[PDB]
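Encoded as structure tokens, the following chain is the form solved without the named molecule, with no partner shown.
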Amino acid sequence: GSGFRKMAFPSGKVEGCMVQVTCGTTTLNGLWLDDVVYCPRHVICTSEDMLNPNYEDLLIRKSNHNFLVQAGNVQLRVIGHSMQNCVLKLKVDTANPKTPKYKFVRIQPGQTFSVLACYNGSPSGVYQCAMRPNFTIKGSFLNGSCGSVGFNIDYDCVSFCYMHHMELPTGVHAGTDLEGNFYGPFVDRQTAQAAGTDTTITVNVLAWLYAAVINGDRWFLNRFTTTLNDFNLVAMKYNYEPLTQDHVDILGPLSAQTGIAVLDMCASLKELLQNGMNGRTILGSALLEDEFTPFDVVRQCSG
């Protein structure tokens, strides 16, 4: 039936890795994997250091014992520290016994991941996000959420892809991979920064239309087809990402399952962009959803 939900990965393998990192009066979250704790390097900042911190200079004045690391109620001993890009790596004398099989991945714009929102090292909530084309995410983060991570789970392996650092003025979020490199052009200082144009992830909207068809929501199917070049003219007007032949190939499984050629679905999407949804819903949404990948759709449609 028409039941289709934004589903997050079960969070238990990540919950066991969240710790609290305190330096002076600043507390945020860290990720404890093996004998290393990862956290945003601005744990070392006071509120008169945020406008333009010199992180190398601020770190000169910090020693192992200035980093307080707490896993639940239990204190970790810090035996080494280093800065890698915008993350701090705290070497502790105890390997996390709850460390899962894991990898660090730098995800591509358009890919989705689960966020485990944490405050003071304690898990608060889990939700699904996408890396947007402008390298922001539409999260739900407050003061104290920094160091919360984004991940995907493939069988038993956790692929960590995001660490939370900041909120931009449109209310969207920016952060790093687990090597401390920002997604997008953002820097970890409190200066005027703005997200570029928020373009729609075309291949995901198409995947979600396939999901609607598989789930029996079929009203938007029309009698038309189109070409990649003509569809892509329409993509540009409505700030959709161009569709490529790689995107068409990636939609192959969904196309094969439904028997609907990708260019036929593109012609259905073209009409939805030009005419709107006339106050109808698709899988219970009144807007075109772009935060389900082709892989997410196949997963939620086939178990």
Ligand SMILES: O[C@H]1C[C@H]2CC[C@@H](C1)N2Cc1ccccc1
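Only the largest set of C-alpha atoms that superpose within 1.5 Å between the two forms is called the rigid core. Residue positions are given as counts along the sequence shown, with the first one as 1.
For the pair 254-262 and 233-241, the record assigns the higher mean C-alpha temperature factor to 233-241. Here 59-67 and 27-35 are compared by their mean Cα B-factor, and 59-67 comes out higher. Across the residues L178, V74, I201, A174, the deposited record lists the maximum Cα B factor for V74. In the deposited coordinates, the residue among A195, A211, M163, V92 with the greatest CA B-factor is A195. In the PDB entry, a CA B factor belonging to the middle third of its chain's modelled residues is recorded for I44. The PDB entry assigns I79 a C-alpha temperature factor belonging to the middle third of its chain's modelled residues. Sorting the modelled residues of the chain by their CA temperature factor places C301 in the highest third.
Compared with the other modelled residues of the chain, the Cα B-factor recorded for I107 ranks in the highest third. In this PDB entry, the Cα temperature factor of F113 sits in the bottom third of its chain's modelled residues, the lowest group.
This next part talks about the form deposited with the named molecule bound, which is not shown.
In the bound PDB entry, the named molecule sits within 4.5 Å of a heavy atom belonging to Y240. Among heavy atoms of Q75, none comes within 4.5 Å of the named molecule in the bound PDB entry. Using a 4.5 angstroms limit between non-hydrogen atoms, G110 is distant from the named molecule in the bound PDB entry. Put simply, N134 is close to the named molecule in the bound PDB entry: some heavy atom of it is within 4.5 Å. Taking the named molecule as it sits in the bound PDB entry, the stretch 189-227 comes within 4.5 angstroms of it through a non-hydrogen atom at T197, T199. Looking at CA displacements between this form and the one not shown with the core superposed, a shift of 2 Å or more is confined, among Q128, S124, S140, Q111, to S140. In this overlay on the rigid core, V36 has a C-alpha that sits less than 2 Å away from its partner position between this form and the one not shown.
Taking the rigid core as fixed, one finds a CA shift for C45 of 2 Å or more between this form and the one not shown.
Superposed on the core, the two forms barely differ at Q274: its CA moves less than 2 Å between this form and the one not shown.
Three angstroms is the minimum change: in the bound PDB entry, the CA atoms of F9 and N143 sit closer than in this structure, by 3 Å or more.
In the bound PDB entry, the Cα-Cα separation between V115 and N143 shrinks by 3 Å or more relative to the displayed conformation.
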